[PDB]
Amino acid sequence: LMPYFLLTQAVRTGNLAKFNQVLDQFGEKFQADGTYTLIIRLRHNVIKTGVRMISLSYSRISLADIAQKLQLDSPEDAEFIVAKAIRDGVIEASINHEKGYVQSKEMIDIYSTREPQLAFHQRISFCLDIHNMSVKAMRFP
Amino acid sequence: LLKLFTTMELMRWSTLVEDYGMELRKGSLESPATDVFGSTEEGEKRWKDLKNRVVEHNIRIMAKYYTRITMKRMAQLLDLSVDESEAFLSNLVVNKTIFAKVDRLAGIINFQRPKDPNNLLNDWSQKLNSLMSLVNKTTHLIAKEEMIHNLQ
Amino acid sequence: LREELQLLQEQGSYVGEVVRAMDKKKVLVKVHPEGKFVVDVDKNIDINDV
Amino acid sequence: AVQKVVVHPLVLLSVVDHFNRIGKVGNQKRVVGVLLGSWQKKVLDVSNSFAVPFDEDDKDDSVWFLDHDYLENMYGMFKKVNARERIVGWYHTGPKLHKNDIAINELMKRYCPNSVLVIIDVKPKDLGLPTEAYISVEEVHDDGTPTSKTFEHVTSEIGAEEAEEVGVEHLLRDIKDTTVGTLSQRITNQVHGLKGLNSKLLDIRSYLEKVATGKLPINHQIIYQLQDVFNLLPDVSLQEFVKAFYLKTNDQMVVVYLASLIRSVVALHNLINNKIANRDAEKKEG
Amino acid sequence: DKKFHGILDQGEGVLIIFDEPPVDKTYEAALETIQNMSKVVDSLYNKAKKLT
Amino acid sequence: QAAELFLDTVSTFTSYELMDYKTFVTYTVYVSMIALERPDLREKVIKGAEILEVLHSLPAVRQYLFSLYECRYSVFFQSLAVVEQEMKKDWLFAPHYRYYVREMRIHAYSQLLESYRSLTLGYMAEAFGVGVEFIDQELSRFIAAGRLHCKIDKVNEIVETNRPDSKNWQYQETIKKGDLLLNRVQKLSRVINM
Amino acid sequence: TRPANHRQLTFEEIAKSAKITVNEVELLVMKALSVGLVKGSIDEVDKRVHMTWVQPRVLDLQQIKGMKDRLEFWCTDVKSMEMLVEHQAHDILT
Amino acid sequence: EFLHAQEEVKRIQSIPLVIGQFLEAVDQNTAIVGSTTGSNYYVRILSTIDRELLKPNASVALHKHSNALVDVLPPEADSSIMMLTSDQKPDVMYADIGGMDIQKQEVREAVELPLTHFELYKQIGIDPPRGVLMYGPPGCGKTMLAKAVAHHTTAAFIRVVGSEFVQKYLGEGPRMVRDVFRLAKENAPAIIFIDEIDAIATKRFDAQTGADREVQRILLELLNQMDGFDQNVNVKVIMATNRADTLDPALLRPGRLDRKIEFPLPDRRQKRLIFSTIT
Amino acid sequence: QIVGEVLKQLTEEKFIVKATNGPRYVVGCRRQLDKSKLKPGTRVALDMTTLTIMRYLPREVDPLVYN
Amino acid sequence: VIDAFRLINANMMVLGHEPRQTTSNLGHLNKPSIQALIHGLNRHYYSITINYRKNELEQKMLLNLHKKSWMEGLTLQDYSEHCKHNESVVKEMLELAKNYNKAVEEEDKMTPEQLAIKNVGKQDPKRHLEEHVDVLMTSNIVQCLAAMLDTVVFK
Ligand SMILES: Nc1ncnc2c1ncn2[C@@H]1O[C@H](COP(=O)(O)OP(=O)(O)O)[C@@H](O)[C@H]1O
């Protein structure tokens, strides 16, 4: 996990050469585990992950600023990346071809308080399967 | 008195000084009237007292009628400018006579207390029960009138 | 428990300080409101059980 | 003149039994007697009943007879045994009311100034109504309407007599008309509440349809005055739900966290205790 | 020091004063119940009885 | 925990154990500064008469403590750097990158931007030291870290905070704990039936 | 006619209804509140008047079809939702 | 059906209760209670209520006609009034008193136990005092020390009032002593202050006249409660008397109450000090 | 009605009323009356049989000597 | 209590006593009170069996009409007292939290039933059982469903 720790640090930072070097050093175990194709996929999706994190960080971030932050050096590439993030739906960052506007959040609506209970009311389903298991497993003799 | 006591009329003192202001110039005896407003210094002081008095009266009657009223209309109704109208509004609120909240940058006012959801749903349920009682009473009334009308 | 409540409607039991255990299944007892109440013996407890 | 009347669960069955016992030979379908009780705080209550044999003829509804001496002796005995009891009204069966009611009221009001009429449905149990109350008002039908009889229904609600709970519980002891079994009982409550709402509102819709057809006389002068407000009362605006999006949804989600989860956790504790016990028993039996 | 109920919107050069509803302490009380009714029990009990 | 059991000003010796009573007090001040920001801390530590006396004994210590209490960032940041330098010269330097100055300024920035909605970066920079770019990068780094509940409008250079209501934030806390305890009960469902 | 179906009594709607000017709207709605026609809130940013009536009158019994239709709409909605919750509740009620 | 039956049998009425004090839970499904009119009888204890509020000698609730254990009333001070929580209230703080000391050093000694120091009572090996009788006249107030101290170190303060206690509620006297002792035990910062002992409560030289045996039995139960305290907690008990001569030896003997303090007359120098302080 | 004193109000529903001659009971209050009219330590009237508060009454003391 | 008996002459006791005749019906649920036993009545001849004329046309009338709740199941009552009721519920279940805590650290390794019998506490797992939590949940869901049913009726 120490090289995995450095991989996490590289994912957060957005740099390339350092983690490429450490992969060339100790990537054979990654190949043995069978994730090296995925390893390169992370190596080139580090920019996507950094874009998600910086979009969560900022409200209206400049495309030039995000390109400089994640080593894109290209306004058009930054625009393409934010387009790809929004079409993937991982983040809510939108595009305004004027300067790169992104909408902010809003106060809580009808379902924003109800989605936790809707996604969590399986508690009674767990209770009923527990009770049925008890019914199955209360043999007296 | 009949005009200026009740029914929340627009007490535009500019109109009143001629509609009901004849006591200043000539009435039946006009002697108490000339003592009050016909005087020069104390008379003008009591004139200003009528002016503000009717300003707060208009503010109060507007409180129970209009929730949000635009600043220009409120100032025109109070026969003053925006700053004077807001100053008198502050003078009322510091006395707690009216429940008023104003956005000064937007210059828009509100007189209704924010309804807590507890009592909001409570009055909703009271409305529901009023409707239920109305259903019961209407049902009995129409059924019995139906009986009387098919007694043929 | 409801039947116990109905029994307690008749006070349930009465506290008695036993003094004299006579041979003929008899105990004088003392009850705080009044005092001595000569009475028989129960079936679960013999004369000597007193 | 009374604001409202409240009927006890004390005289209904007595009236029904009186009907049953005096209808053995009198098949007029018309049981007429007096309901005695008390009126104290604009709330009238009935504590005792009495039936008198009574024969009618359809000819102008003026053929009848009673035993007034016996009825008055009954009232004197009832007042002697219980002074607070007084004749609160007179009752007739046969909810299809005839025209002798005015004469009966005129004759009996010497016992009660605000004479009222009570109809008991011995055989009918339509939805839940045991009886209906009637107040006599002949002071002009309306501002711009001709003369009429116009016996109106003073609002009636079934009261709660004391010390009858023991008897009714012992009597039924089979249905348990209480909130027992809370969840299922409230489900049944919702069910028959919806049933009653649908039936009554369907009756109101039928009354509106029949008024539109005009086959029956139209008492619009109170009908629209009472139903227009009902219809226009704004219980359809949903922006108050917008303002109260967490109307209780916070309580809903805390209950999901703290009742369903708590039940699941306690059931899990019971199951794992039982599993430990069963495993230990299976391992240490021999 | 929570002596006032507002937020200073410097961009608009104003301060938005808001009437804070304090009846929402049920939220925090429920969280405290969750914490002191689950943490103190689940970990301890099902780490003591790891084998079942 | 350290603070809760360490404010007790009952020393076994007048000057021993932790090298002094003054060093004891410096430990107390550091621990409290890590501990909280500014609630009735006035009535918890500031009211301490021995506390005020020992801050009289140590002016610079009194200086940064009163700077944090008064929320005057211009002197606060310099004094906080001095505090970090002092902690470097101390073997109790375990929070070398977490809780020397970053956590304290996380608390300070929370305190500042709360009761604010949109405070400009350029003016908050001079109200909080100098180097508008330095404050901008610090805010970006700390928002990435997770605290400082706000966002940055870079095209206009504004700090638009997002403070949840009492209901909203506590709701968020409850859903987080619901996630943790669903994980717990799923682990316990694994424990059962095996 | 509109049971809060159109609860936005804007100035233009008021002008269509009463062929009255803008300044007279204030006095007209004041007298309406005084008599008992409309008792709702009166705004001026949007000039919206909330709709509550507590002084009913003749509803043109030849036009009782509208209220009959609204009442039967309420009946259909209530019965449909009762049947829907019965469908959801067969697992207990059946 | 069985869930319906279970939720149906859970009615237990319990609206029209009456009060008759519990003696003690001998076992489960058996008990002994004493009603308000006496009539101590053995009863059956239902499983609805148990040890959670079934403290030994606290006043409880009973059914109107069944006298059965239904509920236990938590509060104890207002059962017979006799003062209550004079705590959380500065009436006269401490140094504001005009009597300066008289001694007041034995009284700071008496507050040492409320002023924690129960841990320092051990280790050092000292045995802190328990009973403080002040056999002084109304000079010094004799209650400016108990209205104070109770606020100097936050602690509950009770007037008790001996004259009121001797009354028809002599059978309930033991019970009220138990209740007030329980109120004190509930709050380790508490001090009992009893007044007007000398003339009415257990005079030892004039023979028993009628209800004097009731007073002696009440004092016996007070001794029983103070012995059952046995330094279990840090609450304190102080009587205030004008003359301790008529007092019973049982309270007067060491091992129950030790510290005798006399609060003398204004002491002309101290009197001038009092005048300055009040004025 | 029997005469007693409000020994303890307990709560809004149940109250402690002590008869002048011994027993105190946990009773209800009269519907028309309110707690502000009942108050603690005030003379009241309990129902003879059902044992519930029926009316509250003022009291008086008299020295009746050399008046 | 409605107990009916008969007074007897002196001859019934000198003949074969217990005038209760030869059948196995009046021995069903025949529990005379102690005072009745010590008195002659309810002991002279027998105790009479009671029965209630629960005839239909009468009993159906009573059950249908007297105990009447027919459109009263439509009450909404979302938060009339229920916000503070939920506050109190949270406080009660926090007490339950402390109780179930106490139980889980009691949890002794000596057949915990042995510990529990002598250290009953009437806690959430023992006496404040899941039934009370179910009552709270039923109240909440009943108010929820009434509110939501009327919300969908509101069209
Ligand atoms: N500063 C003070 N110093 C001494 N006594 C005071 C002071 N202030 C008030 N007092 C008096 O002390 C009195 C207490 O008297 P009291 O309690 O009746 O005496 P005893 O306790 O002997 O019965 C009060 O009546 C009050 O007037």
# chains A, B, ... in the order shown; residues from 1 in each chain; ligands from 1

call {"tool": "residues_around", "arguments": {"residues": "residue 28 of chain E", "least_positions_apart": "2", "cutoff": "9 Å", "atoms": "only C-alpha atoms", "output": "PyMOL selection string"}}
result
(chain E and resi 24-26+30-33) or (chain F and resi 167+170-171+173-174)

call {"tool": "residues_near_ligand", "arguments": {"ligand": "ligand 1", "cutoff": "7 Å", "atoms": "only C-alpha atoms and all ligand atoms", "output": "number ranges by chain"}}
result
H: 96-99, 136-144, 195-196, 240-242, 274, 277-278

call {"tool": "interface_residues", "arguments": {"of": "chain J", "to": "chain C", "cutoff": "12 Å", "atoms": "only C-alpha atoms", "output": "list in words"}}
result
residues 33, 34 and 35 of chain J

call {"tool": "closest_atom_pairs", "arguments": {"of": "chain I", "to": "chain H", "cutoff": "12 Å", "atoms": "only C-alpha atoms", "output": "Markdown table"}}
result
| residue | atom | partner | partner_atom | distance |
| --- | --- | --- | --- | --- |
| I:5 | CA | H:80 | CA | 11.5 |
| I:6 | CA | H:79 | CA | 10.3 |
| I:7 | CA | H:79 | CA | 6.5 |
| I:8 | CA | H:78 | CA | 6.6 |
| I:9 | CA | H:78 | CA | 9.7 |
| I:10 | CA | H:73 | CA | 8.6 |
| I:11 | CA | H:73 | CA | 11.2 |
| I:13 | CA | H:15 | CA | 9.4 |
| I:14 | CA | H:15 | CA | 7.8 |
| I:15 | CA | H:17 | CA | 9.7 |
| I:16 | CA | H:18 | CA | 8.3 |
| I:17 | CA | H:18 | CA | 9.1 |
| I:18 | CA | H:19 | CA | 9.1 |
| I:19 | CA | H:36 | CA | 10.4 |
| I:20 | CA | H:168 | CA | 10.1 |
| I:21 | CA | H:37 | CA | 8.5 |
| I:22 | CA | H:37 | CA | 5.5 |
| I:23 | CA | H:36 | CA | 5.0 |
| I:24 | CA | H:19 | CA | 5.6 |
| I:25 | CA | H:18 | CA | 3.7 |
| I:26 | CA | H:17 | CA | 4.7 |
| I:27 | CA | H:16 | CA | 5.3 |
| I:28 | CA | H:16 | CA | 7.2 |
| I:29 | CA | H:16 | CA | 10.9 |
| I:40 | CA | H:78 | CA | 9.8 |
| I:41 | CA | H:81 | CA | 9.2 |
| I:46 | CA | H:16 | CA | 11.9 |
| I:47 | CA | H:16 | CA | 11.7 |
| I:49 | CA | H:64 | CA | 10.2 |
| I:50 | CA | H:16 | CA | 8.2 |
| I:51 | CA | H:16 | CA | 7.5 |
| I:52 | CA | H:16 | CA | 8.1 |
| I:53 | CA | H:16 | CA | 11.3 |

call {"tool": "write_last_selection", "arguments": {"atoms": "C-alpha atoms", "output": "mmCIF file, in the first residue's frame"}}
result
data_model
loop_
_atom_site.group_PDB
_atom_site.id
_atom_site.type_symbol
_atom_site.label_atom_id
_atom_site.label_comp_id
_atom_site.auth_asym_id
_atom_site.auth_seq_id
_atom_site.Cartn_x
_atom_site.Cartn_y
_atom_site.Cartn_z
ATOM 1 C CA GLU I 5 -56.464 20.824 50.024
ATOM 2 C CA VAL I 6 -54.215 20.809 46.970
ATOM 3 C CA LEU I 7 -51.292 18.895 48.438
ATOM 4 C CA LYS I 8 -49.535 18.750 45.055
ATOM 5 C CA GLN I 9 -50.538 19.616 41.501
ATOM 6 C CA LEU I 10 -48.336 16.813 40.086
ATOM 7 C CA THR I 11 -49.194 17.526 36.446
ATOM 8 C CA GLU I 13 -53.986 15.978 34.306
ATOM 9 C CA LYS I 14 -53.542 14.281 37.697
ATOM 10 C CA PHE I 15 -53.379 16.196 40.967
ATOM 11 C CA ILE I 16 -52.701 15.339 44.604
ATOM 12 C CA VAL I 17 -55.611 16.345 46.838
ATOM 13 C CA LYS I 18 -55.436 15.560 50.552
ATOM 14 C CA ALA I 19 -58.569 15.389 52.657
ATOM 15 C CA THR I 20 -58.428 17.380 55.874
ATOM 16 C CA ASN I 21 -58.480 14.121 57.872
ATOM 17 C CA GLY I 22 -55.952 11.752 56.346
ATOM 18 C CA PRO I 23 -56.048 10.249 52.868
ATOM 19 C CA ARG I 24 -54.649 12.033 49.829
ATOM 20 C CA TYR I 25 -55.592 10.898 46.333
ATOM 21 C CA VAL I 26 -54.401 11.244 42.740
ATOM 22 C CA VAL I 27 -57.529 12.688 41.139
ATOM 23 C CA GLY I 28 -58.632 14.572 38.063
ATOM 24 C CA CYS I 29 -59.819 18.166 37.946
ATOM 25 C CA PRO I 40 -51.251 24.530 44.867
ATOM 26 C CA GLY I 41 -52.181 24.675 48.525
ATOM 27 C CA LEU I 46 -63.578 16.442 45.658
ATOM 28 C CA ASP I 47 -66.458 14.309 44.449
ATOM 29 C CA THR I 49 -67.751 8.874 45.317
ATOM 30 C CA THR I 50 -65.773 9.260 42.079
ATOM 31 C CA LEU I 51 -63.112 11.308 43.916
ATOM 32 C CA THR I 52 -62.448 14.134 41.480
ATOM 33 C CA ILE I 53 -62.102 17.900 41.916
#

call {"tool": "residues_around", "arguments": {"residues": "residue 249 of chain D", "least_positions_apart": "5", "cutoff": "12 Å", "atoms": "only C-alpha atoms", "output": "ChimeraX atom specification"}}
result
/A:108-118 /B:117-118 /D:241,244,254-256 /E:27 /F:167,171 /J:78-79,83,140-141,143-145,147-148

call {"tool": "write_last_selection", "arguments": {"atoms": "C-alpha atoms", "output": "mmCIF file, in the first residue's frame"}}
result
data_model
loop_
_atom_site.group_PDB
_atom_site.id
_atom_site.type_symbol
_atom_site.label_atom_id
_atom_site.label_comp_id
_atom_site.auth_asym_id
_atom_site.auth_seq_id
_atom_site.Cartn_x
_atom_site.Cartn_y
_atom_site.Cartn_z
ATOM 1 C CA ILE A 108 -33.855 21.163 0.450
ATOM 2 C CA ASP A 109 -36.910 20.139 -1.590
ATOM 3 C CA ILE A 110 -39.712 17.578 -1.193
ATOM 4 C CA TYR A 111 -37.632 14.480 -1.949
ATOM 5 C CA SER A 112 -34.292 15.697 -0.584
ATOM 6 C CA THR A 113 -35.444 14.896 2.967
ATOM 7 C CA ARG A 114 -37.174 11.695 1.835
ATOM 8 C CA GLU A 115 -34.463 9.954 -0.198
ATOM 9 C CA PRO A 116 -32.693 8.770 3.014
ATOM 10 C CA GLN A 117 -35.846 7.168 4.416
ATOM 11 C CA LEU A 118 -36.710 5.797 0.969
ATOM 12 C CA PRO B 117 -44.781 23.868 9.573
ATOM 13 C CA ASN B 118 -46.209 22.463 12.825
ATOM 14 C CA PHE D 241 -46.348 21.948 1.008
ATOM 15 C CA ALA D 244 -43.217 22.844 4.427
ATOM 16 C CA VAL D 254 -35.908 9.851 12.125
ATOM 17 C CA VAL D 255 -38.598 7.194 12.619
ATOM 18 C CA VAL D 256 -37.010 5.183 9.804
ATOM 19 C CA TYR E 27 -32.816 16.604 14.898
ATOM 20 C CA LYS F 167 -32.123 21.579 10.156
ATOM 21 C CA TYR F 171 -30.074 16.330 8.671
ATOM 22 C CA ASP J 78 -49.921 15.981 11.616
ATOM 23 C CA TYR J 79 -48.290 18.115 14.314
ATOM 24 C CA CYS J 83 -43.584 18.117 17.333
ATOM 25 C CA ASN J 140 -45.881 8.453 13.130
ATOM 26 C CA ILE J 141 -46.926 6.364 10.119
ATOM 27 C CA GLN J 143 -50.184 10.657 10.785
ATOM 28 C CA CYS J 144 -47.976 10.302 7.689
ATOM 29 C CA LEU J 145 -50.515 8.212 5.782
ATOM 30 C CA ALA J 147 -51.546 13.518 5.627
ATOM 31 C CA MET J 148 -50.460 11.902 2.357
#

call {"tool": "residues_around", "arguments": {"residues": "residue 1 of chain C", "least_positions_apart": "3", "cutoff": "7 Å", "atoms": "only C-alpha atoms", "output": "ChimeraX atom specification"}}
result
/C:4-5 /H:46

call {"tool": "interface_residues", "arguments": {"of": "chain E", "to": "chain B", "cutoff": "12 Å", "atoms": "only C-alpha atoms", "output": "number ranges by chain"}}
result
E: 9, 12-24

call {"tool": "residues_around", "arguments": {"residues": "residue 117 of chain D", "least_positions_apart": "6", "cutoff": "6 Å", "atoms": "only C-alpha atoms", "output": "PDB file with C-alpha atoms, in the first residue's frame"}}
result
ATOM      1  CA  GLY D  89     -88.684  15.939  23.819  1.00  0.00           C
ATOM      2  CA  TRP D  90     -91.061  13.544  22.133  1.00  0.00           C
ATOM      3  CA  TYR D  91     -90.122  10.793  19.718  1.00  0.00           C
ATOM      4  CA  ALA D 133     -83.142  15.107  16.372  1.00  0.00           C
ATOM      5  CA  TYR D 134     -85.578  17.727  15.098  1.00  0.00           C
TER       6      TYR D 134
END

call {"tool": "residues_around", "arguments": {"residues": "residue 30 of chain H", "least_positions_apart": "4", "cutoff": "8 Å", "atoms": "only C-alpha atoms", "output": "PyMOL selection string"}}
result
chain H and resi 25-26+42-45

call {"tool": "residues_around", "arguments": {"residues": "residue 69 of chain F", "least_positions_apart": "5", "cutoff": "10 Å", "atoms": "only C-alpha atoms", "output": "ChimeraX atom specification"}}
result
/F:33,37-39,41-42,46,63-64,76,108

call {"tool": "write_last_selection", "arguments": {"atoms": "N, CA and C atoms", "output": "compact mmCIF listing (two decimals), in the first residue's frame"}}
result
# COMPACT_ATOMS: atom_id res chain seq x y z
N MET F 33 -6.52 25.76 22.08
CA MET F 33 -6.60 26.36 20.76
C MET F 33 -6.91 25.32 19.70
N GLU F 37 -12.93 27.08 19.09
CA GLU F 37 -12.69 28.41 18.53
C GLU F 37 -13.12 29.50 19.52
N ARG F 38 -14.41 29.86 19.51
CA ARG F 38 -14.85 30.96 20.38
C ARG F 38 -16.30 30.90 20.87
N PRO F 39 -16.67 29.87 21.65
CA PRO F 39 -18.01 29.85 22.24
C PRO F 39 -17.86 30.52 23.58
N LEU F 41 -15.95 30.15 25.51
CA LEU F 41 -14.56 29.96 25.92
C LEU F 41 -14.11 31.10 26.82
N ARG F 42 -14.75 32.27 26.69
CA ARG F 42 -14.52 33.36 27.62
C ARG F 42 -14.84 32.93 29.04
N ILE F 46 -10.90 32.02 29.59
CA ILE F 46 -10.60 33.44 29.76
C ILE F 46 -10.95 33.89 31.17
N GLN F 63 -0.61 37.39 23.65
CA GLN F 63 -0.86 38.09 22.40
C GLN F 63 -1.63 37.23 21.41
N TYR F 64 -1.16 36.00 21.15
CA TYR F 64 -1.89 35.23 20.14
C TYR F 64 -3.21 34.72 20.69
N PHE F 76 -3.19 37.77 14.02
CA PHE F 76 -3.38 36.36 14.30
C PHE F 76 -2.47 35.47 13.47
N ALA F 108 -10.75 29.25 12.49
CA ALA F 108 -10.83 30.70 12.36
C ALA F 108 -11.58 31.11 11.10

call {"tool": "closest_atom_pairs", "arguments": {"of": "chain D", "to": "chain F", "cutoff": "9 Å", "atoms": "only C-alpha atoms", "output": "Markdown table"}}
result
| residue | atom | partner | partner_atom | distance |
| --- | --- | --- | --- | --- |
| D:250 | CA | F:171 | CA | 7.8 |
| D:254 | CA | F:174 | CA | 8.3 |
| D:257 | CA | F:178 | CA | 6.9 |
| D:261 | CA | F:182 | CA | 8.9 |
| D:264 | CA | F:185 | CA | 8.9 |
| D:265 | CA | F:185 | CA | 7.7 |
| D:268 | CA | F:189 | CA | 7.9 |
| D:271 | CA | F:192 | CA | 8.0 |
| D:272 | CA | F:192 | CA | 6.4 |
| D:275 | CA | F:192 | CA | 8.2 |

call {"tool": "write_last_selection", "arguments": {"atoms": "N, CA, C and O atoms", "output": "PDB file, in the first residue's frame"}}
result
ATOM      1  N   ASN D 250     -38.804  15.081   8.123  1.00  0.00           N
ATOM      2  CA  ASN D 250     -37.744  14.880   9.102  1.00  0.00           C
ATOM      3  C   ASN D 250     -38.151  13.853  10.151  1.00  0.00           C
ATOM      4  O   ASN D 250     -37.353  12.986  10.523  1.00  0.00           O
ATOM      5  N   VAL D 254     -36.407  10.254  10.812  1.00  0.00           N
ATOM      6  CA  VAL D 254     -35.908   9.851  12.125  1.00  0.00           C
ATOM      7  C   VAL D 254     -36.633   8.602  12.610  1.00  0.00           C
ATOM      8  O   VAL D 254     -36.037   7.769  13.296  1.00  0.00           O
ATOM      9  N   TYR D 257     -34.958   5.789  10.982  1.00  0.00           N
ATOM     10  CA  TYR D 257     -33.686   5.499  11.642  1.00  0.00           C
ATOM     11  C   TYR D 257     -33.874   4.881  13.024  1.00  0.00           C
ATOM     12  O   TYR D 257     -32.989   4.170  13.512  1.00  0.00           O
ATOM     13  N   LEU D 261     -35.071   0.631  12.336  1.00  0.00           N
ATOM     14  CA  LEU D 261     -33.733   0.173  12.696  1.00  0.00           C
ATOM     15  C   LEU D 261     -33.688  -0.390  14.107  1.00  0.00           C
ATOM     16  O   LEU D 261     -32.991  -1.377  14.348  1.00  0.00           O
ATOM     17  N   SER D 264     -35.202  -3.782  14.005  1.00  0.00           N
ATOM     18  CA  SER D 264     -34.279  -4.701  13.350  1.00  0.00           C
ATOM     19  C   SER D 264     -33.129  -5.078  14.276  1.00  0.00           C
ATOM     20  O   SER D 264     -32.726  -6.243  14.329  1.00  0.00           O
ATOM     21  N   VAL D 265     -32.601  -4.109  15.026  1.00  0.00           N
ATOM     22  CA  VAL D 265     -31.474  -4.381  15.912  1.00  0.00           C
ATOM     23  C   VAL D 265     -31.900  -5.268  17.077  1.00  0.00           C
ATOM     24  O   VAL D 265     -31.169  -6.184  17.469  1.00  0.00           O
ATOM     25  N   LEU D 268     -32.367  -8.682  15.753  1.00  0.00           N
ATOM     26  CA  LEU D 268     -31.048  -9.258  15.525  1.00  0.00           C
ATOM     27  C   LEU D 268     -30.425  -9.734  16.826  1.00  0.00           C
ATOM     28  O   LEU D 268     -29.812 -10.804  16.871  1.00  0.00           O
ATOM     29  N   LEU D 271     -32.140 -12.925  17.788  1.00  0.00           N
ATOM     30  CA  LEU D 271     -31.719 -14.028  16.928  1.00  0.00           C
ATOM     31  C   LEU D 271     -30.313 -14.497  17.262  1.00  0.00           C
ATOM     32  O   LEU D 271     -30.052 -15.701  17.286  1.00  0.00           O
ATOM     33  N   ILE D 272     -29.383 -13.571  17.493  1.00  0.00           N
ATOM     34  CA  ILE D 272     -28.005 -13.982  17.739  1.00  0.00           C
ATOM     35  C   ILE D 272     -27.875 -14.612  19.120  1.00  0.00           C
ATOM     36  O   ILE D 272     -27.092 -15.551  19.313  1.00  0.00           O
ATOM     37  N   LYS D 275     -29.172 -18.076  18.504  1.00  0.00           N
ATOM     38  CA  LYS D 275     -28.184 -18.850  17.761  1.00  0.00           C
ATOM     39  C   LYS D 275     -27.039 -19.296  18.657  1.00  0.00           C
ATOM     40  O   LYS D 275     -26.585 -20.440  18.563  1.00  0.00           O
TER      41      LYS D 275
END

call {"tool": "closest_atom_pairs", "arguments": {"of": "chain G", "to": "chain B", "cutoff": "8 Å", "atoms": "only C-alpha atoms", "output": "JSON lines"}}
result
{"residue": "G:30", "atom": "CA", "partner": "B:65", "partner_atom": "CA", "distance": 7.0}
{"residue": "G:33", "atom": "CA", "partner": "B:65", "partner_atom": "CA", "distance": 7.8}
{"residue": "G:34", "atom": "CA", "partner": "B:7", "partner_atom": "CA", "distance": 6.8}
{"residue": "G:41", "atom": "CA", "partner": "B:67", "partner_atom": "CA", "distance": 6.0}
{"residue": "G:42", "atom": "CA", "partner": "B:66", "partner_atom": "CA", "distance": 4.7}
{"residue": "G:43", "atom": "CA", "partner": "B:68", "partner_atom": "CA", "distance": 4.7}
{"residue": "G:44", "atom": "CA", "partner": "B:69", "partner_atom": "CA", "distance": 4.9}
{"residue": "G:45", "atom": "CA", "partner": "B:70", "partner_atom": "CA", "distance": 6.2}

call {"tool": "select_by_dssp", "arguments": {"residues": "segment 21-54 of chain I", "states": "strand (DSSP E or B)", "output": "MDAnalysis selection string"}}
result
chainID I and resid 24:27 43:46 53:54

call {"tool": "write_last_selection", "arguments": {"atoms": "C-alpha atoms", "output": "compact mmCIF listing (two decimals), in the first residue's frame"}}
result
# COMPACT_ATOMS: atom_id res chain seq x y z
CA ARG I 24 -54.65 12.03 49.83
CA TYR I 25 -55.59 10.90 46.33
CA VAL I 26 -54.40 11.24 42.74
CA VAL I 27 -57.53 12.69 41.14
CA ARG I 43 -58.91 24.48 49.43
CA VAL I 44 -60.92 22.45 46.91
CA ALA I 45 -63.86 20.05 46.81
CA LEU I 46 -63.58 16.44 45.66
CA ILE I 53 -62.10 17.90 41.92
CA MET I 54 -65.47 19.62 41.69

call {"tool": "interface_residues", "arguments": {"of": "chain D", "to": "chain H", "cutoff": "10 Å", "atoms": "only C-alpha atoms", "output": "ChimeraX atom specification"}}
result
/D:176,178-185

call {"tool": "interface_residues", "arguments": {"of": "chain C", "to": "chain H", "cutoff": "9 Å", "atoms": "only C-alpha atoms", "output": "list in words"}}
result
residues 1, 2, 4, 5, 6, 7, 8, 9, 10, 11, 12, 13, 14, 15, 16, 31, 32, 33 and 34 of chain C

call {"tool": "select_by_dssp", "arguments": {"residues": "chain E", "states": "helix (DSSP H, G or I)", "output": "ChimeraX atom specification"}}
result
/E:22-48
